[PDB]
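In: Just the structure for this:
(7 chains, ligands or ions: 4)
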Amino acid sequence: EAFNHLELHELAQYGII
Amino acid sequence: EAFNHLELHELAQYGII
Amino acid sequence: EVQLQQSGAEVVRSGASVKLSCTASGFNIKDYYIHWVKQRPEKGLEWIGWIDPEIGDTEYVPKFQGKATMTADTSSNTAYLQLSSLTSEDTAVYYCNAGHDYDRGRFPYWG
Amino acid sequence: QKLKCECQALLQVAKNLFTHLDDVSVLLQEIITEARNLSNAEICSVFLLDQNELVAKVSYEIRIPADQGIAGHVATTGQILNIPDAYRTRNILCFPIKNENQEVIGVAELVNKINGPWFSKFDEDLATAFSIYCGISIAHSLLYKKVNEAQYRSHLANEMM
Amino acid sequence: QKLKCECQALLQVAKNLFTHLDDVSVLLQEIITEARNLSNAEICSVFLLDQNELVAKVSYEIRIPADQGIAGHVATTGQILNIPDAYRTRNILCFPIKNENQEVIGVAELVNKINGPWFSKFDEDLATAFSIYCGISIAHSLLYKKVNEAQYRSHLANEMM
Amino acid sequence: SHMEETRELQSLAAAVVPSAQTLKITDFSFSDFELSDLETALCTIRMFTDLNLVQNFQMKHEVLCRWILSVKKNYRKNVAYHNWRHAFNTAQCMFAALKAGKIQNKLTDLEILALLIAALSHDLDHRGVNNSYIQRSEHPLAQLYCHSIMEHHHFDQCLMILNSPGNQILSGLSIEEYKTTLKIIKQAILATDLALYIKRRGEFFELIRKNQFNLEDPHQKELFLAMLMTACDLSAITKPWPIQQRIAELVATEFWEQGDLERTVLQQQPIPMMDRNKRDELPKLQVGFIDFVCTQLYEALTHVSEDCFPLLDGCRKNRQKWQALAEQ
Amino acid sequence: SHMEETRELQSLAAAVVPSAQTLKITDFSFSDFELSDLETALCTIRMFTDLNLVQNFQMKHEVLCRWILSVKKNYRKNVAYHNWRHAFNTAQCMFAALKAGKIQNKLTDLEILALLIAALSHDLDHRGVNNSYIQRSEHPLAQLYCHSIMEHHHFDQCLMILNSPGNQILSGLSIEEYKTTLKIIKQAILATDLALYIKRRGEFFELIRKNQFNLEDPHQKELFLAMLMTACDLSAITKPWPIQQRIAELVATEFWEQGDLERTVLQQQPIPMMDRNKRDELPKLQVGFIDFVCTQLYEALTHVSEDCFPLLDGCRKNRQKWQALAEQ
Ligand SMILES: CC(C)Cn1c(=O)n(C)c(=O)c2nc[nH]c21
Ligand SMILES: CC(C)Cn1c(=O)n(C)c(=O)c2nc[nH]c21
Ligand SMILES: CC(C)Cn1c(=O)n(C)c(=O)c2nc[nH]c21
Ligand SMILES: CC(C)Cn1c(=O)n(C)c(=O)c2nc[nH]c21
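Out: Numbering: from 1, shown residues only, chains lettered A, B, ... in the order given. Ligands and ions are numbered 1, 2, ... in the order given. I have put the structure below:
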């Protein structure tokens, strides 16, 4: 589960990754 | 009712123009 | 009344041609299809085809292609049937009749 | 003994017209059969007011003006009508239908009496008696068709989605 | 004079249960009122078989096993049951409902006789008489709910399209 | 005559308008074949009602009814396809589009009102003949109007009726509202000219293609409004086969009727499509037309609104069946 | 226990399956709140039936029934949102998509069967916790599977059940059919991993954007099939407000339940979305999610099929109401 580092916050604050 | 001369046949064979 | 009047009987020589007329009175043929039907001695009526006197369009059944030629003229209200290269087998009574162009096939008027 | 008998009669018939609220067509038939045996008529026809006209389809469909002839009068006036001689005709007993209010909703006429000169002036209160059950049943019977019709169209559409 | 009287009675009641095919709930009530005056019971409760169990909601809802107790037996056996002493209890007349076939579709029990030791063995044929009209009416009454319910869901959807 | 008309208003302005559900007018698969005249009018009222047009514009039941009836009586009965049931089937499509297709939520109340009024009157007094014919036969209507001849007339009519007494269904609008509603209505009716549809659709097909199309844009919107008109004007082609079947039978006759005039008064040969004799080349002519004019458009309309897909589905579904037929 | 199960099959495999119309399962606006357990199963059967799956694959009423029941009993009751009613509401969305949204006409019978079976079992044995948690808590399931942990498990389960005796609803398929159906089903269930949806959607959003997207393309199709899964998996967000309201209440609780475990066994701080204390920041968290995950997708789906718009409409309609709320 490696995504662009800019995406990471939004991704996590929703239940993803 | 001026259209491209290539169109003209199709246009006419249907009720248009 | 509405009437279709046909020309008199013809005795013709084999190989020749003959042109029959059918004149309408009391009505106009323009909005009708004029059909012709043949009746041989001791035999039933057989349809030849029709003409739409308004546009001149004609339709012949295959047995009469090159045998019969139908024409019409709406101003004189007369339809014609030309029969060419006649043979013994063409001996028959020929009728013209009419029916509304939008009608499937009822024959309300006959010569 | 007779009076007691025209009730068991009606009790019966009530219970027969009410077993056909399903079909205004079958029901409409029942009303005719029953109405004919009860009064003992040669023939009964039944008209259902369709706005400004009588429709006794009773099988084909027969329209006609709501105020015309016997039916029309009775329908117009909302009151029975007895005929001794009408002039295999002869007599005619014709009566209204009316709903919960007194709104004539249909009309029925019986023709020619069997074993008789006309219609017993008793054959009237008996016809009126019956006629309550005809109005009660026709009224609901139609009111139930309207739904089933509609409700059907409602889903013809919904099965589309 | 009595016999003639328990018909006009029933004729009446037939015509009252049939004016509520609209509402199995109102109808179900009518059946109770009527069933109580006809037999003259202190109280009537009515159970409608819901598969493998009796539901006399009669306002709350009361389920219970279809073969349990009085109701269950009568429902199981499909035959009336009269009780002199049950042991403000006392007696109980309980009867089946059954449909067009003889399929017990519900069950009703009356408790305690007013002005009496129990249930006249006549209060049984009268109850059976009534009980035909209860089965006839409940049967159609439910069968009409099923449609209206469904048909409704059908359009809830169709108005969606 | 005036008498039957006037009782018609009595009976109408006093009947209960059934629900939209009841009337199945929410359906893209809807048919009028079995409705009465009075019923169609009723649907119409339900349309105006359920679009909130009736309440938001202070329409009086009395007036609307008169108006509707007026439009009804101003479509020619003797005319094969372009009669009242066409204006009605169009407005219902239009209505279905806004509701089930969910477009209402995308445009103003002034726009919705205008579309409905337009859809209903887009062909008023149509005399069963195309712009091409009236032009070539030097009808006085051609002398009067320049381009989009018939469509200009349909509007001249629409407006004549709205200015009629007891027909001012718009009477409730501020002068500014009225003023711009009419503008849109004019644009809508003219848009039902197939020639404009063609001379404009290209533009619109690209904004779609390029994922650029956007309603917010004032101009992009009014273009789309044109496209929407066309969409409903020939929605007939998106109907269940049995319906499409039969309505194609009317278009058929009306065409052929014109074809007759072309060789009887004009002394010209009609295009095959209106050449009564060529009735056996119908299905391919239908195919070519659907290809040329239709699929193209209903595709677009779905990209704009997904819930409008049934139109596209029903369209290609009929194309399917015509093609088969064309191959006998 | 085994006893109630087995009579449940008796009663089910002998009841009449009502029509789709009756069951209002053709609706995007459909709700299960008032259905019984037995009813839901019945709908399911109607689903398989009306998709022709039952006839085209020689399914025996007996078997299908057992199978369905099996899936039902393999969703955890104690689990707040991710129970059977979720699998069911998804499959109904899926069903509605194919019918009213008109997609059936766009794909094979093997694909339709696979989507339905997948939709029904996409979350089997879900234990009310996300992939993120199970990974961070070193669940043995994380040791077993690499990526898309839960989704791999959901499938392991689906397959276990299909191989169960008297549950082989696929028994009728040629070995080749079976073989590829299973392939698609695996792809479908895995696609319901939100992480894949994200790591793939970009690709798909462009083919749409660029008016290039085309089903015919084998690969373009199977991508879309993934997107369709997601679309239905969270269709809940496209429901009428009163429904969306209440189902958002369950997701809520289930999240908060995980949040508790995170600080009780894990000793970490939960994201706000699963931080029970922050229940008052729900609506904005909902908004951001709808923006981030949803509108984006349902838009796309409509460009592909217009009749699928109701989903987009209902989505933004709820976004509307959450936003309002977020502003108290
Ligand atoms: C002349 C016109 C601007 C005035 N006007 C108007 O304001 N409303 C609202 C109408 O319905 C209307 N009908 C004719 N004129 C009208
Ligand atoms: C103006 C109109 C006749 C054009 N038109 C149409 O509307 N429908 C529905 C057709 O099927 C059709 N076929 C040719 N022209 C057609
Ligand atoms: C092992 C497998 C390929 C055989 N096979 C099969 O062909 N069908 C059709 C099934 O339903 C099935 N279920 C388990 N194995 C099955
Ligand atoms: C996996 C699932 C909880 C993700 N999910 C969802 O499906 N729905 C419907 C929501 O409203 C939601 N909100 C956050 N996550 C959500």
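
In: How about the contacts made by the residue nearest to residue F:126 when sequence neighbours are not counted?
Out: Take residue F:126 and drop its neighbours on the chain: the residue closest to it by CB to CB, 6 or more residues apart in numbering or on different chains is residue F:82, 4.0 Å away. For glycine as for every other residue, the C-beta is placed from the backbone atoms N, C-alpha and C. Contact partners of residue F:82, counting by CB atoms under 8 Å, 6 or more residues apart in numbering or on different chains, are F:75, F:76, F:123, F:126, F:128, F:254.

In: So which of those is surrounded by the most neighbours?
Out: residue F:123 (26 neighbours; other CB atoms under 10 Å in any protein chain shown).

In: Would you confirm that it contacts residue F:87?
Out: Yes - the pair residue F:123 / residue F:87 is scored as a contact, 5.9 Å apart, by CB atoms under 8 Å.

In: Mind listing the shared neighbours of the two?
Out: Common neighbours of residue F:123 and residue F:87 are listed as residue F:75 (criterion: CB under 8 Å, 6+ apart).

In: separation between the residue of chain D found nearest chain E and residue C:99?
Out: The nearest approach of chain D to chain E comes at residue D:158, 2.7 Å away (CB to the nearest CB). Relative to residue C:99, residue D:158 is positioned 47 Å away (CB to CB, to the nearest Å).

In: Compare those two (neighbour count), which wins?
Out: Ranked by neighbour count (other CB under 10 Å), residue D:158 and residue C:99 place residue D:158 first, with 30 against 17.

In: That one is in contact with residue E:151, isn't it?
Out: No - contact criterion CB under 8 Å: residue D:158 and residue E:151 do not qualify, at 10.0 Å.

In: So is the strand or helix carrying residue F:245 next to chain B?
Out: For residue F:245, the host element (DSSP states H and E) is helix F:241-264. Yes - contact of helix F:241-264 with chain B (CB under 8 Å from any CB of the partner chain) involves residue F:255.

In: and the helix or strand just after that helix, anywhere near chain C?
Out: Later in the chain than helix F:241-264, the nearest helix or strand by DSSP H and E is helix F:282-289. No - contact of helix F:282-289 with chain C (CB under 8 Å from any CB) is absent, the minimum separation being 15.9 Å.

In: For the host helix or strand of residue D:37, which outside residues touch it?
Out: Assessed by DSSP H and E, residue D:37 sits inside helix D:24-39. The contact list for helix D:24-39, computed with CB under 8 Å, 6+ apart, reads D:6, D:9-10, D:13, D:16-17, D:20-21, D:41, D:43-46, D:48, D:58, D:93, D:108, D:110, D:113, D:119, D:123, D:126-127, D:130, D:134, D:137-138, D:141-142, D:145.

In: Buried subset of these, written for PyMOL?
Out: In PyMOL syntax, the buried subset of the contacts of helix D:24-39 is picked out as below (16 or more other CB atoms under 10 Å in any protein chain shown):
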select buried, chain D and resi 9+10+13+16+17+20+21+41+44+45+46+48+58+93+108+110+113+119+123+126+127+130+134+137+138+141+142
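
In: Excluding chain neighbours, what is closest to residue F:38?
Out: Nearest non-adjacent residue to residue F:38, counting by CB to CB, 6+ apart: residue F:12, 6.4 Å away.

In: Contacts only, for that neighbour.
Out: F:38, F:41, F:42, F:65, F:68, F:69.

In: residues from chain C in reach of chain F?
Out: Going by CB under 8 Å from any CB, the residues of chain C near chain F are C:30, C:52, C:54, C:55, C:57, C:101, C:102.

In: Give me the subset of these lying in strands.
Out: Per DSSP state E, strands hold the following members of the residues of chain C next to chain F: C:52, C:57.

In: ok, now which ones touch the residue in chain F that chain E sits nearest to?
Out: Chain F approaches chain E most closely through residue F:21 (4.2 Å), counting by CB to the nearest CB. Counting by CB under 8 Å, 6+ apart, residue F:21 touches D:154, D:157, E:155, E:158, E:159.

In: Dump these into a markdown table; add distance to residue D:2 as well.
Out: As requested, the contacts of residue F:21 are exported to a markdown table (distance: CB to CB, whole Å):
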| residue | distance to residue D:2 |
| --- | --- |
| D:154 | 51 |
| D:157 | 56 |
| E:155 | 52 |
| E:158 | 56 |
| E:159 | 57 |
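
In: from the residues you listed, which are also near chain G?
Out: Applying CB under 8 Å from any CB to those, those adjacent to chain G are residue E:158.

In: Switch the contacts of residue F:21 over to TSV, and while doing so, append secondary structure and distance to chain F to every line.
Out: What follows is the contacts of residue F:21, written out as TSV (DSSP: H, G, I helix; E, B strand; the rest coil; distance: CB to the nearest CB, whole Å):
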residue	secondary structure	distance to chain F
D:154	helix	5
D:157	helix	4
E:155	helix	5
E:158	helix	6
E:159	coil	4
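
In: Give me the phi and psi angles of the closest residue to residue D:52 other than its chain neighbours.
Out: Of all residues not flanking residue D:52 in the chain, residue D:66 sits nearest, at 5.3 Å (CB to CB, 6+ apart). Residue D:66 has phi and psi values of phi -50, psi -20 when expressed as degrees, to the nearest 10.

In: In helices, which of the contacts of helix D:24-39 fall?
Out: D:6, D:9-10, D:13, D:16-17, D:126-127, D:130, D:134, D:137-138, D:141-142, D:145 (DSSP state H).

In: Is residue C:69 in a helix, a strand, or coil?
Out: Classification of residue C:69 by DSSP: H, G, I helix; E, B strand; the rest coil places it in strand.

In: State the number of residues packed around the closest residue to residue D:8 other than its chain neighbours.
Out: Nearest residue to residue D:8 in three dimensions, chain neighbours excluded: residue E:7, at 6.8 Å (CB to CB, 6+ apart). Neighbourhood size, residue E:7 [other CB under 10 Å]: 16.

In: so residue E:7 sits right up against residue D:10, yeah?
Out: No - assessed by CB under 8 Å, residue E:7 is found out of contact with residue D:10, at 11.3 Å.

In: which one is residue F:101 nearest to, not counting chain neighbours?
Out: Residue F:101's closest residue in space is residue F:308 (CB to CB, 6+ apart), at 4.0 Å.

In: ok now do that neighbour, which residues does it touch?
Out: Neighbours of residue F:308 in contact, by CB under 8 Å, 6+ apart: F:97, F:101, F:103, F:298, F:301, F:302, G:306, G:307, G:309.

In: Looking at the residues of chain C next to chain F, which one is closest to residue E:73?
Out: Nearest to residue E:73 among the residues of chain C next to chain F: residue C:102, at 77.6 Å, using CB to CB.

In: Any idea how many residues pack against the closest one?
Out: 13.

In: Leaving out chain neighbours, which residue sits closest to it?
Out: Residue nearest to residue C:102 in three dimensions, not counting chain neighbours: residue F:253, with 7.9 Å by CB to CB, 6+ apart.

In: residue contacts, the spatially most central residue of chain C?
Out: In chain C, the residue lying closest to the centroid (CA atoms, centre = their mean) is residue C:36, at 3.2 Å. If you count contacts by CB under 8 Å, 6+ apart, residue C:36 has them with C:47, C:48, C:49, C:50, C:68, C:70, C:81, C:94, C:95, C:96, C:97.
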